[PDB]
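In: model this:
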Amino acid sequence: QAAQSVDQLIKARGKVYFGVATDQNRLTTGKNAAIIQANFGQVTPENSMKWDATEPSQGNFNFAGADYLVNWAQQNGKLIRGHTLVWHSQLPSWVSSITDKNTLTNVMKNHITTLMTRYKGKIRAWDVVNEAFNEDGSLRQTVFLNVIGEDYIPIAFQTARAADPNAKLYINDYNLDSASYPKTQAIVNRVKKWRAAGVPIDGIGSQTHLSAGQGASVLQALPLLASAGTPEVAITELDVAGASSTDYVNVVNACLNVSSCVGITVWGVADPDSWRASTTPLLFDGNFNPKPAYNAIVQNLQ
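Out: Residues are numbered from 1 along each chain as shown. Find the structure here:
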């Protein structure tokens, strides 16, 4: 654990949390648990709440990993973001073989309702729809789009709102890091249109998987995301190739500058456990010691 908590420091600046992705396999090995206890205020399950983990066979739900994380977080005073309900990746083949609109709609609604009702009142925010946009800003042609149509997004959010009215409902995506990117403009426009039609979208999540030197762009992109008029925005899956302090401090300052930015989640604790470990992109090194970027964030927040 680092001595100074970035979560406590960001809360002193008026934000809700600084958190991390984790799961049972992390929490039960190494120094992960102690680091999360001391330094972070929020957890996102890295894998245990995805469709493949939770409903591997239709109607045959598996909550073992998800329950472990929720209970651990509650015991340890950490906020939870649920991740993720509707996504084309980590989707079992029984779902993607369905070609009937009514069948898939009911499957999707049942998946949403079952997961959200189990944890009702315990989960601050859910990523309801993940990675719904192509890079040109059109909607990604996933099984949900192809079989249900564009209404799948409204249906997913309406169903989620009914299941747990206390949760903040997010749409989450990546490559929203530059204000001039086609995808960034498109998500803003479509979220404005959906909200004007009554769809309950409370948040835009920006994954923020950055390359070295790209942090500066977030200073301009995040205010543009906030212009869509959702109550919240968040940085949901931050990591930065090379872990330069300059990039990490820029992302934190972007969130500080945008009132509706509630917090930041970094996508893991220690470099070797990252999905792109070879780029050493996280705040703790392979020996579980804080990196200079951690200390730079602390100093920026003080």
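
In: just the helices in the stretch 101-250 of the chain please.
Out: Per DSSP state H, counting those that start in this stretch, the stretch 101-250 of the chain carries helices over the ranges 101-118, 143-148, 152-163, 182-196, 215-226, 245-257.

In: gap between the two ends of stretch 34-43?
Out: Taking C-alpha to C-alpha, to the nearest Å, stretch 34-43 runs 13 Å from one end to the other.

In: and the residue lying closest to residue 270 once chain neighbours are set aside, how far is that from residue 176?
Out: The shortest distance from residue 270 to any non-neighbouring residue, by C-beta to C-beta, 6 or more residues apart in numbering, is to residue 284 (4.5 Å). Placement of C-beta: from N, CA and C, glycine included. Residue 284 sits 26 Å away from residue 176, going by C-beta to C-beta, to the nearest Å.

In: residue contacts, residue 126?
Out: 81, 82, 83, 84, 85, 116, 160, 164, 167, 168, 169, 170 (C-beta atoms under 8 Å, 6 or more residues apart in numbering).

In: isn't there a helix covering the first one?
Out: No. For residue 81, which was evaluated using DSSP: H, G, I helix; E, B strand; the rest coil, the result is strand, with no helix membership.

In: who are the contact partners of the one residue sitting closest to the centre of the chain?
Out: Note on the chain: the residue nearest the mean C-alpha position is residue 236, at 3.8 Å, using C-alpha atoms, centre = their mean. Counting by C-beta under 8 Å, 6+ apart, residue 236 touches 44, 81, 83, 127, 170, 172, 205, 206, 207, 208, 265.

In: and those as CSV, adding neighbour count and distance to residue 91?
Out: Shown next, in CSV, are the contacts of residue 236 (neighbours: other C-beta atoms under 10 Å; distance: C-beta to C-beta, whole Å):
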residue, neighbour count, distance to residue 91
44, 24, 19
81, 28, 20
83, 27, 14
127, 26, 15
170, 28, 19
172, 25, 16
205, 28, 19
206, 27, 22
207, 22, 18
208, 29, 24
265, 25, 22
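
In: can you tell me the closest non-neighbouring residue to residue 147?
Out: residue 104 (4.8 Å).

In: state the distance from the closest residue to residue 241 other than its chain neighbours to residue 6.
Out: Once flanking residues are discounted, residue 241 sits nearest to residue 279: 4.0 Å by C-beta to C-beta, 6+ apart. Distance, residue 279 to residue 6, by C-beta to C-beta: 21 Å.

In: same drill for those two, tell me which one is more crowded.
Out: Shown here are residue 279 and residue 6; by other C-beta atoms under 10 Å, residue 6 has more neighbours (26 against 16).

In: quick one: that one from residue 289, how far?
Out: In terms of C-beta to C-beta, residue 6 sits 15 Å off from residue 289.

In: any idea how far residue 213 is from residue 181?
Out: The spacing between residue 181 and residue 213, counted by C-beta to C-beta, is 16 Å.

In: these two: who's more crowded?
Out: Taking other C-beta under 10 Å, residue 181 and residue 213 do not tie; residue 181 has more neighbours (18 against 14).

In: who's in contact with that one?
Out: Contacts of residue 181 by C-beta under 8 Å, 6+ apart are 175, 221.

In: count the neighbours of residue 19 for me.
Out: Residue 19, neighbours per other C-beta under 10 Å, totals 27.

In: run the angle between the one helix or strand it maps to and helix 245-257 for me.
Out: Here residue 19, judged by DSSP states H and E, is contained in strand 17-22. If you take axes from the mean of the first three to the mean of the last three C-alpha atoms, to 10 degrees, strand 17-22 sits at 130 degrees to helix 245-257.

In: sorry, back to before: format the helices of the stretch 101-250 of the chain as TSV; extra columns: mean neighbour count and distance to residue 89.
Out: What follows is these, written out as TSV (neighbours: other C-beta atoms under 10 Å; distance: least, C-beta to C-beta, whole Å):
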stretch	mean neighbour count	distance to residue 89
helix 101-118	17	15
helix 143-148	19	11
helix 152-163	20	16
helix 182-196	17	17
helix 215-226	20	22
helix 245-257	21	24
